[PDB]
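Asker: As input, take input-v2.cif (mmCIF, C-alpha atoms):
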data_query
#
loop_
_atom_site.label_atom_id
_atom_site.label_comp_id
_atom_site.auth_asym_id
_atom_site.auth_seq_id
_atom_site.Cartn_x
_atom_site.Cartn_y
_atom_site.Cartn_z
CA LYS A 1 -9.14 34.91 -9.94
CA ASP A 2 -9.03 32.48 -12.90
CA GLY A 3 -6.69 29.48 -13.28
CA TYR A 4 -6.62 25.87 -14.54
CA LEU A 5 -6.46 22.54 -12.67
CA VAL A 6 -3.21 20.64 -12.02
CA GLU A 7 -2.47 16.95 -11.34
CA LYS A 8 -0.17 14.69 -9.28
CA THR A 9 2.71 15.36 -11.69
CA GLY A 10 1.37 18.90 -12.18
CA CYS A 11 0.09 18.28 -15.73
CA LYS A 12 -3.11 20.23 -16.50
CA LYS A 13 -6.30 18.28 -17.31
CA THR A 14 -7.45 18.51 -20.94
CA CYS A 15 -11.18 17.82 -21.43
CA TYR A 16 -13.41 17.02 -24.43
CA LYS A 17 -16.35 19.16 -23.22
CA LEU A 18 -16.14 22.97 -23.47
CA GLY A 19 -18.50 25.23 -21.47
CA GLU A 20 -20.18 24.03 -18.26
CA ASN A 21 -18.13 20.82 -17.99
CA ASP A 22 -19.51 19.10 -14.87
CA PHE A 23 -16.57 16.67 -15.04
CA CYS A 24 -14.49 19.81 -14.43
CA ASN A 25 -16.91 21.05 -11.75
CA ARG A 26 -16.62 17.80 -9.77
CA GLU A 27 -12.84 17.75 -10.37
CA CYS A 28 -12.48 21.42 -9.41
CA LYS A 29 -14.86 21.13 -6.44
CA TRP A 30 -12.38 18.84 -4.64
CA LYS A 31 -9.67 20.51 -2.52
CA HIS A 32 -10.98 23.68 -0.82
CA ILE A 33 -14.41 25.14 -1.69
CA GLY A 34 -13.76 28.88 -2.17
CA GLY A 35 -14.11 28.11 -5.90
CA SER A 36 -17.42 29.31 -7.39
CA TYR A 37 -17.24 28.66 -11.16
CA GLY A 38 -15.58 25.61 -12.76
CA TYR A 39 -15.88 25.08 -16.54
CA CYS A 40 -13.58 24.03 -19.41
CA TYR A 41 -12.11 26.61 -21.82
CA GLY A 42 -9.86 25.57 -24.73
CA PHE A 43 -10.04 21.82 -24.00
CA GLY A 44 -8.76 22.30 -20.43
CA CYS A 45 -10.27 22.45 -16.91
CA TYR A 46 -10.61 26.09 -15.79
CA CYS A 47 -11.81 27.28 -12.35
CA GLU A 48 -12.86 30.89 -11.68
CA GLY A 49 -13.49 32.52 -8.27
CA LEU A 50 -10.78 30.74 -6.24
CA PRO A 51 -7.99 32.88 -4.74
CA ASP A 52 -4.34 31.94 -5.35
CA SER A 53 -4.44 30.12 -1.98
CA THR A 54 -6.18 27.24 -3.80
CA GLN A 55 -4.23 24.96 -6.17
CA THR A 56 -4.31 25.95 -9.86
CA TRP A 57 -2.22 25.57 -13.05
CA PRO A 58 0.25 26.45 -14.06
CA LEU A 59 1.85 25.12 -10.85
CA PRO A 60 4.94 26.94 -9.49
CA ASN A 61 7.91 27.58 -11.81
CA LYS A 62 8.34 23.80 -11.69
CA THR A 63 6.40 22.54 -14.73
CA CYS A 64 4.68 19.14 -14.64
#
With the file now loaded, output its structure as structure tokens.

Answerer:
Amino acid sequence: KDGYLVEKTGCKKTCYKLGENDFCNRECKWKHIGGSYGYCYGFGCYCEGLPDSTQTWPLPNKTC
């Protein structure tokens, strides 16, 4: 259960803070709450612990 965060257009969310990136925690802790771990990895928001039911990048076959 590990994916990235999407956006209105579906574009991921690059960040300038690797590791425990609160900015990613507050952004990941938005829709749904099943998520348990939200940190950045590779200059990108990454959430871990949320089932596919939640929203996560890459979005469906339709890119951003």

Asker: Would you list the residues near (-7.6, 18.1, -3.1) (no more than 12 Å away, in the coordinates of the file, using all atoms listed in the file) as a PDB file with C-alpha atoms, in the coordinates of the input?

Answerer:
ATOM      1  CA  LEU A   5      -6.460  22.540 -12.670  1.00  0.00           C
ATOM      2  CA  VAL A   6      -3.210  20.640 -12.020  1.00  0.00           C
ATOM      3  CA  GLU A   7      -2.470  16.950 -11.340  1.00  0.00           C
ATOM      4  CA  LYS A   8      -0.170  14.690  -9.280  1.00  0.00           C
ATOM      5  CA  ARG A  26     -16.620  17.800  -9.770  1.00  0.00           C
ATOM      6  CA  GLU A  27     -12.840  17.750 -10.370  1.00  0.00           C
ATOM      7  CA  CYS A  28     -12.480  21.420  -9.410  1.00  0.00           C
ATOM      8  CA  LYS A  29     -14.860  21.130  -6.440  1.00  0.00           C
ATOM      9  CA  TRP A  30     -12.380  18.840  -4.640  1.00  0.00           C
ATOM     10  CA  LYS A  31      -9.670  20.510  -2.520  1.00  0.00           C
ATOM     11  CA  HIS A  32     -10.980  23.680  -0.820  1.00  0.00           C
ATOM     12  CA  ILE A  33     -14.410  25.140  -1.690  1.00  0.00           C
ATOM     13  CA  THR A  54      -6.180  27.240  -3.800  1.00  0.00           C
ATOM     14  CA  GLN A  55      -4.230  24.960  -6.170  1.00  0.00           C
ATOM     15  CA  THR A  56      -4.310  25.950  -9.860  1.00  0.00           C
TER      16      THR A  56
END

Asker: From the set A:63, A:19, A:13, A:1, which residue has the shortest atom-to-atom contact distance to residue A:41, counting all atoms listed in the file?

Answerer: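 Under the stated criterion, the closest residue is A:19.
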
Asker: Mind telling me what the PyMOL selection byres ((chain A and resi 51) around 8) catches here, as a VMD selection string?

Answerer: chain A and resid 1 34 to 35 49 to 50 52 to 54

Asker: Could you save those same residues with C-alpha atoms as a PDB file, keeping the file's coordinate frame?

Answerer:
ATOM      1  CA  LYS A   1      -9.140  34.910  -9.940  1.00  0.00           C
ATOM      2  CA  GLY A  34     -13.760  28.880  -2.170  1.00  0.00           C
ATOM      3  CA  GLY A  35     -14.110  28.110  -5.900  1.00  0.00           C
ATOM      4  CA  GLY A  49     -13.490  32.520  -8.270  1.00  0.00           C
ATOM      5  CA  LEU A  50     -10.780  30.740  -6.240  1.00  0.00           C
ATOM      6  CA  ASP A  52      -4.340  31.940  -5.350  1.00  0.00           C
ATOM      7  CA  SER A  53      -4.440  30.120  -1.980  1.00  0.00           C
ATOM      8  CA  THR A  54      -6.180  27.240  -3.800  1.00  0.00           C
TER       9      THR A  54
END

Asker: Could you pull the residues within 9 Å of residue A:15, counting all atoms listed in the file, minus those fewer than 3 positions along the same chain, as a list in words?

Answerer: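 My list of contacting residues is residues 18, 21, 23, 24, 40, 41, 42, 43, 44 and 45 of chain A.
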
Asker: Using the file's own x, y and z axes, so that the box edges lie along x, y and z, what centre and edge lengths in Å (one decimal) does a box around every listed atom of stretch 1-8 of chain A get when 3 Å is added on each side? Give it as JSON.

Answerer:
{"center_x": -4.7, "center_y": 24.8, "center_z": -11.9, "size_x": 15.0, "size_y": 26.2, "size_z": 11.3}

Asker: Please measure the separation of atom CA of residue A:16 and atom CA of residue A:39, giving the value in Å to one decimal.

Answerer: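 These atoms are spaced 11.5 Å apart.
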
Asker: Record the distance separating atom CA of residue A:3 and atom CA of residue A:61, expressed in Å with one decimal.

Answerer: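 Straight-line distance from atom CA of residue A:3 to atom CA of residue A:61 works out to 14.8 Å.
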
Asker: Return the single residue from A:4, A:37, A:9, A:14 that is closest to residue A:62, with distances computed using only C-alpha atoms.

Answerer: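 Result for the nearest residue to residue A:62: A:9.
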
Asker: Tell me which of A:47, A:64, A:38, A:57 sits closest to residue A:22, counting all atoms listed in the file.

Answerer: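 Of the candidates, the smallest distance to residue A:22 is held by A:38.
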
Asker: Could you add N, CA, C and O atoms to stretch 19-42 of chain A and give me the result as a PDB file, keeping the file's coordinate frame?

Answerer:
ATOM      1  N   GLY A  19     -17.307  24.659 -22.164  1.00  0.00           N
ATOM      2  CA  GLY A  19     -18.500  25.230 -21.470  1.00  0.00           C
ATOM      3  C   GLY A  19     -18.710  24.524 -20.132  1.00  0.00           C
ATOM      4  O   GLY A  19     -17.835  23.860 -19.615  1.00  0.00           O
ATOM      5  N   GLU A  20     -19.878  24.676 -19.571  1.00  0.00           N
ATOM      6  CA  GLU A  20     -20.180  24.030 -18.260  1.00  0.00           C
ATOM      7  C   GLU A  20     -19.793  22.549 -18.287  1.00  0.00           C
ATOM      8  O   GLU A  20     -20.601  21.692 -18.577  1.00  0.00           O
ATOM      9  N   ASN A  21     -18.563  22.245 -17.985  1.00  0.00           N
ATOM     10  CA  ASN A  21     -18.130  20.820 -17.990  1.00  0.00           C
ATOM     11  C   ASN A  21     -18.223  20.239 -16.577  1.00  0.00           C
ATOM     12  O   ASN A  21     -17.284  20.295 -15.809  1.00  0.00           O
ATOM     13  N   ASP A  22     -19.353  19.682 -16.232  1.00  0.00           N
ATOM     14  CA  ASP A  22     -19.510  19.100 -14.870  1.00  0.00           C
ATOM     15  C   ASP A  22     -18.253  18.311 -14.494  1.00  0.00           C
ATOM     16  O   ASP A  22     -17.692  18.496 -13.432  1.00  0.00           O
ATOM     17  N   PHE A  23     -17.800  17.444 -15.358  1.00  0.00           N
ATOM     18  CA  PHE A  23     -16.570  16.670 -15.040  1.00  0.00           C
ATOM     19  C   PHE A  23     -15.516  17.612 -14.468  1.00  0.00           C
ATOM     20  O   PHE A  23     -14.764  17.260 -13.583  1.00  0.00           O
ATOM     21  N   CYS A  24     -15.475  18.822 -14.957  1.00  0.00           N
ATOM     22  CA  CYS A  24     -14.490  19.810 -14.430  1.00  0.00           C
ATOM     23  C   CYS A  24     -15.023  20.384 -13.117  1.00  0.00           C
ATOM     24  O   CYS A  24     -14.275  20.699 -12.211  1.00  0.00           O
ATOM     25  N   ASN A  25     -16.318  20.508 -13.004  1.00  0.00           N
ATOM     26  CA  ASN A  25     -16.910  21.050 -11.750  1.00  0.00           C
ATOM     27  C   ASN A  25     -16.647  20.071 -10.606  1.00  0.00           C
ATOM     28  O   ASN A  25     -16.235  20.455  -9.529  1.00  0.00           O
ATOM     29  N   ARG A  26     -16.870  18.805 -10.837  1.00  0.00           N
ATOM     30  CA  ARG A  26     -16.620  17.800  -9.770  1.00  0.00           C
ATOM     31  C   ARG A  26     -15.113  17.681  -9.520  1.00  0.00           C
ATOM     32  O   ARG A  26     -14.671  17.467  -8.409  1.00  0.00           O
ATOM     33  N   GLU A  27     -14.321  17.835 -10.547  1.00  0.00           N
ATOM     34  CA  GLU A  27     -12.840  17.750 -10.370  1.00  0.00           C
ATOM     35  C   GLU A  27     -12.329  19.025  -9.707  1.00  0.00           C
ATOM     36  O   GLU A  27     -11.413  19.002  -8.908  1.00  0.00           O
ATOM     37  N   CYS A  28     -12.921  20.144 -10.029  1.00  0.00           N
ATOM     38  CA  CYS A  28     -12.480  21.420  -9.410  1.00  0.00           C
ATOM     39  C   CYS A  28     -13.051  21.539  -8.000  1.00  0.00           C
ATOM     40  O   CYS A  28     -12.416  22.054  -7.101  1.00  0.00           O
ATOM     41  N   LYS A  29     -14.247  21.054  -7.797  1.00  0.00           N
ATOM     42  CA  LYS A  29     -14.860  21.130  -6.440  1.00  0.00           C
ATOM     43  C   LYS A  29     -14.293  20.019  -5.550  1.00  0.00           C
ATOM     44  O   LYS A  29     -15.025  19.277  -4.925  1.00  0.00           O
ATOM     45  N   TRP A  30     -12.994  19.900  -5.489  1.00  0.00           N
ATOM     46  CA  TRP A  30     -12.380  18.840  -4.640  1.00  0.00           C
ATOM     47  C   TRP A  30     -11.649  19.473  -3.452  1.00  0.00           C
ATOM     48  O   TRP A  30     -12.193  19.594  -2.372  1.00  0.00           O
ATOM     49  N   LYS A  31     -10.424  19.884  -3.641  1.00  0.00           N
ATOM     50  CA  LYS A  31      -9.670  20.510  -2.520  1.00  0.00           C
ATOM     51  C   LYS A  31     -10.153  21.950  -2.302  1.00  0.00           C
ATOM     52  O   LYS A  31     -10.236  22.733  -3.227  1.00  0.00           O
ATOM     53  N   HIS A  32     -10.484  22.298  -1.089  1.00  0.00           N
ATOM     54  CA  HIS A  32     -10.980  23.680  -0.820  1.00  0.00           C
ATOM     55  C   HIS A  32     -12.354  23.873  -1.457  1.00  0.00           C
ATOM     56  O   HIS A  32     -12.785  23.079  -2.266  1.00  0.00           O
ATOM     57  N   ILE A  33     -13.053  24.914  -1.096  1.00  0.00           N
ATOM     58  CA  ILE A  33     -14.410  25.140  -1.690  1.00  0.00           C
ATOM     59  C   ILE A  33     -14.596  26.613  -2.068  1.00  0.00           C
ATOM     60  O   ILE A  33     -15.625  27.000  -2.579  1.00  0.00           O
ATOM     61  N   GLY A  34     -13.618  27.438  -1.819  1.00  0.00           N
ATOM     62  CA  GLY A  34     -13.760  28.880  -2.170  1.00  0.00           C
ATOM     63  C   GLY A  34     -14.125  29.017  -3.651  1.00  0.00           C
ATOM     64  O   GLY A  34     -14.699  30.003  -4.069  1.00  0.00           O
ATOM     65  N   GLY A  35     -13.788  28.039  -4.448  1.00  0.00           N
ATOM     66  CA  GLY A  35     -14.110  28.110  -5.900  1.00  0.00           C
ATOM     67  C   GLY A  35     -15.606  28.367  -6.091  1.00  0.00           C
ATOM     68  O   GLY A  35     -16.420  27.968  -5.282  1.00  0.00           O
ATOM     69  N   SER A  36     -15.976  29.030  -7.155  1.00  0.00           N
ATOM     70  CA  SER A  36     -17.420  29.310  -7.390  1.00  0.00           C
ATOM     71  C   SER A  36     -17.824  28.937  -8.823  1.00  0.00           C
ATOM     72  O   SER A  36     -18.959  28.595  -9.089  1.00  0.00           O
ATOM     73  N   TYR A  37     -16.905  29.006  -9.748  1.00  0.00           N
ATOM     74  CA  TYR A  37     -17.240  28.660 -11.160  1.00  0.00           C
ATOM     75  C   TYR A  37     -16.177  27.726 -11.746  1.00  0.00           C
ATOM     76  O   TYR A  37     -15.010  28.054 -11.798  1.00  0.00           O
ATOM     77  N   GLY A  38     -16.571  26.561 -12.185  1.00  0.00           N
ATOM     78  CA  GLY A  38     -15.580  25.610 -12.760  1.00  0.00           C
ATOM     79  C   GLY A  38     -16.064  25.098 -14.117  1.00  0.00           C
ATOM     80  O   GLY A  38     -16.971  24.293 -14.200  1.00  0.00           O
ATOM     81  N   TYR A  39     -15.462  25.549 -15.183  1.00  0.00           N
ATOM     82  CA  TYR A  39     -15.880  25.080 -16.540  1.00  0.00           C
ATOM     83  C   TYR A  39     -14.644  24.936 -17.435  1.00  0.00           C
ATOM     84  O   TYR A  39     -13.589  25.459 -17.139  1.00  0.00           O
ATOM     85  N   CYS A  40     -14.759  24.217 -18.518  1.00  0.00           N
ATOM     86  CA  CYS A  40     -13.580  24.030 -19.410  1.00  0.00           C
ATOM     87  C   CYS A  40     -13.490  25.156 -20.448  1.00  0.00           C
ATOM     88  O   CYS A  40     -14.487  25.673 -20.913  1.00  0.00           O
ATOM     89  N   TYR A  41     -12.294  25.529 -20.812  1.00  0.00           N
ATOM     90  CA  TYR A  41     -12.110  26.610 -21.820  1.00  0.00           C
ATOM     91  C   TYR A  41     -10.860  26.310 -22.659  1.00  0.00           C
ATOM     92  O   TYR A  41      -9.745  26.450 -22.200  1.00  0.00           O
ATOM     93  N   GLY A  42     -11.038  25.886 -23.880  1.00  0.00           N
ATOM     94  CA  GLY A  42      -9.860  25.570 -24.730  1.00  0.00           C
ATOM     95  C   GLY A  42      -9.425  24.127 -24.457  1.00  0.00           C
ATOM     96  O   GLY A  42      -8.251  23.817 -24.408  1.00  0.00           O
TER      97      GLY A  42
END
